[PDB]
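Beneath this line is the structure, given in C-alpha cells, with notes to follow.
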Amino acid sequence: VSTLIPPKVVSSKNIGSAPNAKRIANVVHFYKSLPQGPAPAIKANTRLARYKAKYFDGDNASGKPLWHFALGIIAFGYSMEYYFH
Amino acid sequence: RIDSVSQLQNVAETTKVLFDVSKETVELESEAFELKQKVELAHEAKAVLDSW
C-alpha cells in the first residue's frame, strides 16, 4: 500500500538541528565585521602618536620609552637641584 | 549544517516519485483480481473434467 507522507514535511530537521543556534550567531557576527580596522596606534596624535607608534605599539616591548621616561624624572629633580642650589 | 541541507533537497523531489510508484503498483493488483478469477475457473474446469 501507498508509502506514507511524513518524509514530505521537513520542519524538524531544519529547525531541529543544533548548528541553527550557531548559524544565527555567525550570520550576525560575521557579515557585520569590518574585514580591516582603522589604525592600531594613534592615541596622543600631535607628533606623540609618533611616540606611541615607536614605543607603545604591540610591535615592540623595547625598553626605549622606559629609558626616556626615567631620564625625564632624572631631568626633573636634577634641574630642581640646580634650582634649589 | 550544509551537509544536512543538501540531503533534504534531493529527498523532496524523489519522495514524490516513490509516492506515485507505490500507488501504480497497487493498481496492478486491482487488475490481478480479474486474473485470480481466471486462475480459479481453469482449476474448476480441469477438476470436473478429471473426474469425468
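Backbone-built Cβ (ideal geometry, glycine too); neighbour counts: all protein chains shown. Values quoted throughout were computed directly from the atomic coordinates according to the rules given, and no laboratory measurement underlies them.
Results, tabulated for the structure shown:
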read-out: Nitroxide proxy distance, nm - points 7 Å out along Cα→Cβ at B:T14 and A:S62; value: 6.4
read-out: Over chain A: Kirkwood hydrodynamic radius from C-alpha pairwise inverse distances, Å; value: 19.6
read-out: Using θ = phi - 60° and Karplus 6.51 cos²θ - 1.76 cosθ + 1.60, couplings along region A:4-11 (whole Hz; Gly, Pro as x); value: 5, 8, x, x, 9, 10, 9, 3
read-out: Close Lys-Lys pairs in the protein assembly as shown, where close means Cα under 17 Å and separation is 8 or more or interchain; value: 10
read-out: Helix axis angle, A:64-83 relative to chain A longest principal axis, alpha carbon, degrees; value: 30
read-out: For region A:24-35, 3J(HN,Hα) per residue [Karplus equation, 6.51 cos²θ - 1.76 cosθ + 1.60, θ = phi - 60°, Hz, x = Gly/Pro]; value: 6, 6, 8, 6, 8, 4, 10, 2, 10, 10, 5, x
